[PDB]
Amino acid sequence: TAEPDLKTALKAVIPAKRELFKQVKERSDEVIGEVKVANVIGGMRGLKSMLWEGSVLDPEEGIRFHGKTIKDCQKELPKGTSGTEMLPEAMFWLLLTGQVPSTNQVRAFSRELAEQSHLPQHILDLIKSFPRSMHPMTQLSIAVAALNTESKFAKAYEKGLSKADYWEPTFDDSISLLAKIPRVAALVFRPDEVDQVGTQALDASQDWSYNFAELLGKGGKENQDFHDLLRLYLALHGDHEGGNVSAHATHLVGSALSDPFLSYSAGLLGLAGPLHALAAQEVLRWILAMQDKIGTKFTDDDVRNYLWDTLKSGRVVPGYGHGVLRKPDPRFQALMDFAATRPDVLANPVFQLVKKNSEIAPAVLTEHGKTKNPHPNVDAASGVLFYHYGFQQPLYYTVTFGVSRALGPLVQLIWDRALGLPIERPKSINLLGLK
């Protein structure tokens, strides 16, 4: 009568994945690609060279999770007891097992996450040692690494553990990290309340995102719309193939058999890189500057003129353009669907500007001709939506992304260990060697 818990459901699908892996391994010698000089000097761009199970980017329909579109996930995944949005814990279930959980399975997993959320005293002390001006992503990376004192994998490996069993402690550590990371993030957000936020008991009947909101100081019925935003945000950003730096660094460090705490810490150190991590922040700044210029009662024409002027000036429209995706990011559209049912969001001029830009900017960018596949990505909307709900320190938008992006890389780490994938170790060459 009792439904399988997540560990049982994972164990049931391990044999089929190992069988599929065995079939692929028989074709080891088969050639699938070429390596060119471009790939070596160009950061391996386009080189199909690592495994990632849970998500694959479809050039038309965007990111798919085990073949499911964002829309399929929004229809199929269990929701909270209140609210309209899919749960990140349900997305984690799907990523890990390939299967949609029942509502009751999700409720039991949420209860586990709440119960495992507490931090050891040394983590609270560690966090209190950080200077106030330490960058929030540096704080988050360090704290996550420091939780390796609690690693079951590290201890089991040292004691002696069969290869075939490496996945179990990896799974236990991953759930532990997931339970804890929202609380660590909230301590980064509220450095003066370490003692209180660091020990506060979570409501075991509520979902992971709700409890994260509570730790952020945005709990209770008055913040229910924000709860739904946060649920959606965390679900949407959970995984996006293995190539991005946070996913890849997690896998890389993981592949040397560093435990999930150390491995996702490395992921977060990569996420701290300014080059692509600040897109949501940049979009927000750009939208607010546009509002400053064109005011709060603006026409379609005003928007179009503003976009042309930006482009003619040699500036970019942030949050637009992609190497391969030929349509709007379905993650973007999911945020727009969230907004469409909330009259106060639709009344916000900042949001209206995001919406108008999404209707006008792609045609403008195409005609201008400089930007490949000029459609909105998720960063076009996420910052503005957080800003609307009072979360107006953009610097911390990366922290919330770091919480979300634990989901997919941890799933892949579990599978890496289940399948027995080896250390990641490419071969380097010097420029003289390419000449």
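Start at 1 and count along the sequence shown; that's the residue number.
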Exercise. For the C-alpha atoms alone, is the average B factor greater in 292-300 or in 361-369, going by the entry?
Worked result: 292-300
Problem set entry | Which of 85-93 and 152-160 has higher mean CA B factor, as the PDB entry lists it | 152-160
For this session: Please work out which residue in 240, 190, 183, 231 has the highest C-alpha B-factor recorded for this crystal structure.
Result: 190
Exercise. Based on the PDB record, which member of 248, 132, 331, 107 exhibits the highest Cα temperature factor?
Worked result: 132
For this session: Would you mind checking where the Cα B-factor of residue 52 ranks among the modelled residues of its chain, as the lowest, middle or highest third?
Result: lowest
Problem set entry | CA B-factor placement of residue 265, once the chain's modelled residues are sorted into thirds | lowest
For this session: Sort the modelled residues of this chain by their C-alpha B factor and say whether residue 169 lands in the lowest, middle or highest third.
Result: lowest
Problem set entry | Record-listed C-alpha B factor of residue 375: chain third | middle
Seminar exercise, completed: For residue 66, the third of its chain by CA B-factor is the lowest
